[PDB]
Amino acid sequence: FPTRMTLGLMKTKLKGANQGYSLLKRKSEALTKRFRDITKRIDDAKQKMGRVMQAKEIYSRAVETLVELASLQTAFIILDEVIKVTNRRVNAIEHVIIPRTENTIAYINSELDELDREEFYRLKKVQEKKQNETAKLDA
Amino acid sequence: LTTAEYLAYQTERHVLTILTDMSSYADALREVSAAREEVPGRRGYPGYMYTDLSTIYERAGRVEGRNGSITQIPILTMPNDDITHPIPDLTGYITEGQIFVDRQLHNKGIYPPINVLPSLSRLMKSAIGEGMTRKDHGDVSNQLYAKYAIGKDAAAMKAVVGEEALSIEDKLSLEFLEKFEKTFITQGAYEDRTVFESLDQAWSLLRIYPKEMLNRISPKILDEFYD
C-alpha cells in the first residue's frame, strides 16, 4: 500500500483537488454575483409586474416580457441551488478531501521513510558484518 | 516438481502443479538466507532468489514429442494485502499473467472476488479466435476490460462528484460495471459454465450499452451477435 507511485497519485489528486477547489470557488463567486444581479432584477420585475395587475388588444406584448422575467427568476433560483451545491463542493474540498489526502500522504511518507531507514539499517549491519569479518581475517 | 516432470517426460499425461502458501516458502528461504549471514534483498529475500523463484516457475511447460503437458499453478498470499511486495512482484514479473483477489469484493458477500484490472493472461492470445473458442472472444474480452476500466473511472468520479453518475456515459458505464459485478464476476462456486454460456451472458450484459458505445469492437464483432 505504501508505495512511491501511490504517493505520487495521491499528491497529484491532491493538487488537482486544490486547483478544482480554486476553480469551484471562483465559479461560486461569479454565480453569487450573477444570482445577486438576477435577484435585484427579480425584485425590479416583481415591482414592474405588480405595477399593473388589477381594455384593448396588444396584451400579448405585455405578459410576454413578464414571462421572460419569470424565466429569469426561475433561472436565478436554479442558479441559487447550483451555487449552494458549489459551496457544498467547496466545503467538501476544504476540510474533507484536503485533510484526508494530507494525512494519508503524511502516513505514507512516514511508512516509506521508516522502511527505508530499516533497509539502510540492515545494509549498515551487513557492511559492519563484512568489515568485521575482514578485520578478523586480517589478523 | 520432480513428480510433475516425471509425469510429463515419462507417463505422457496432462499434469497440473500447485504450490500452496508459497509466501511461507519465501519466508523460509529468506530465513535460510538470513542464517547464512549473506547479503539480504528486499523483504529479507535472498539475492539469488531471482534464480530460485524462476526454478519454482520452471516446473511448467511442455516438450517436443511429448503428448503430456505440465503446468505449474502456484498460490501465495501477498503481505499486508499488498501486491507491491517483492514476492508478488517477482511472481508477477517472472510468470505470465497473475490472478489478483480484491478484499472489498470479497467483503461484499458476492462470489469469488477477481479484479480484472490487475488480472491478465498472456496465453489468451493464441487461445482465442475461431477454431479454439469463438471469433468474438478477444473483442468481447477487450470490450469487457474497457467497460470495466470506464466503470472504475466512473466510480471514482461518482465518489468525487455527485450521485448523478456524471451525465450519461459514466452512468451507463457504472450500471454495466455493477451488472457485470453482480452477474459476470460471480458465477458461483458450485456452478460450472461453458464458454458459450458466458459469451451469451456477456452479450446480454452488453445490451445495456449502445452499439456505437464500444470502440474496442470491430465492424465484424459489432455485427457478430445482434440476436
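Each reported figure results from applying straightforward, stated rules to the coordinates on display, with no laboratory input. Cβ sites come from the backbone with ideal geometry, for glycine too, and all protein chains shown count toward neighbours.
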- Message: Can you compute 3J(HN,Hα) from phi for each residue in the range B:34-47, using the Karplus curve 6.51 cos²θ - 1.76 cosθ + 1.60 with θ = phi - 60°, rounded to whole Hz and x for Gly and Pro?
- Response: 6, 5, 7, 6, 8, 6, x, x, 5, 6, x, 6, x, x
- Message: Can you compute the FRET efficiency between A:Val63 and A:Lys40 using 1/(1 + (r/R0)^6), with r the Cβ-Cβ distance and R0 = 25 Å? Round to the nearest 0.05.
- Response: 0.70
- Item | Under 5 Å, built H, 5+ apart or other chain: amide partners of B:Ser69 | B:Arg13, B:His14, B:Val15
- Message: Residues of the range B:46-64 with the amide nitrogen closer than 16 Å to a label point 7 Å from the Cα of A:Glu118, along Cα-to-Cβ, please.
- Response: B:46
- Query: Modelled label-to-label distance, B:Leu19 and B:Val160, 7 Å Cα→beta-carbon offset: nm?
  - Reply: 4.1
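Please give the contour-minus-distance gain from B:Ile110 to B:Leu123: 0.36 nm per residue of separation, less the Cα-Cα distance, rounded to one decimal in nm. Kindly include the intermediate steps, with their values, before the conclusion.
On the way: separation 13, 0.36 × 13 = 4.68 nm, distance 2.76 nm.
Result: 1.9 nm gained on full extension.
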- Query: To the nearest 0.05, how large is the calculated FRET efficiency for A:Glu94 and B:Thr3 if R₀ is 51 Å and r is the Cβ-Cβ distance?
  - Reply: 0.20
- Query: Between B:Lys152 and B:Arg42, what is the label-to-label distance in nm when each label sits 7 Å out along the Cα-to-Cβ direction?
  - Reply: 2.0
- Message: About the Cα centre, and with charges only on the beta carbon of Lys, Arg (+1) and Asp, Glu (-1), how big is the dipole of the protein assembly as shown? Nearest 20 debye, please.
- Response: 1680
- Task: Identify, among A:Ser71, A:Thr12, A:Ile93, the residue whose Cα sits farthest towards the positive end of the charge dipole of the range A:4-134, taking +1 on the Cβ of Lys and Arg and -1 on the Cβ of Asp and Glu, with the dipole about the Cα centre.
- Result: A:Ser71
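By count of other Cβ within 10 Å, fewest leading, how are A:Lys124, B:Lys158 ordered?
Details: A:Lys124 10, B:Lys158 18.
Going from sparsest to densest Cβ surroundings: A:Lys124, B:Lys158.
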- Assigned charges on the beta-carbon of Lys, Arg, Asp, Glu; chain B dipole about Cα centre (debye): 200
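Please give the charge dipole size of chain A, origin at the Cα centre, charges +1 on K and R Cβ atoms and -1 on D and E Cβ atoms. Round to the nearest 20 debye.
Roughly 460 debye, rounded to the nearest 20.
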- Query: Using alpha-carbon positions, what is the distance between the centroids of the range A:33-89 and the range B:1-60, in Å?
  - Reply: 77
- Message: For B:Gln98, what residues show an amide H to amide H distance below 5 Å, using hydrogens built from the backbone and excluding near sequence neighbours?
- Response: B:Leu120
- Item | Scaled radius of gyration (Cα, divided by 2.2 N^0.38 Å) that the range B:1-119 gives | 1.22
- Message: Inside 10 Å of the C-beta atoms of B:34-41, what's the mean count of C-beta atoms belonging to other chains?
- Response: 3
- Message: Give me log10 I(q)/I(0) at q = 0.09, 0.16, 0.22 Å⁻¹ for chain A, Debye formula, one equal scatterer per alpha-carbon, no solvent.
- Response: -0.58, -0.92, -1.19
- Item | For A:110-122, mean number of other protein chain Cβ atoms within 10 Å | 1
- Work out the charge dipole of the protein assembly as shown with +1 on the Cβ of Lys and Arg and -1 on the Cβ of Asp and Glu about the Cα centre, then indicate which of A:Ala55, B:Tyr50, B:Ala202 is farthest towards its positive end. A:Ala55
- Message: Can you work out the Karplus-derived ³J(HN,Hα) for every residue in the range A:18-30? Use 6.51 cos²θ - 1.76 cosθ + 1.60 with θ = phi - 60°, whole Hz, and x for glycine or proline.
- Response: 6, 4, x, 5, 5, 4, 5, 5, 4, 5, 5, 5, 4
- Query: In Å and whole numbers, how far do the C-alpha atoms of the protein assembly as shown stretch along each principal axis, longest first?
  - Reply: 115, 68, 33
- Task: Output the peptides B:21-27, B:93-99 sorted from most to least packed, where packing is the average of other Cβ atoms within 10 Å over each peptide's residues.
- Result: B:21-27, B:93-99
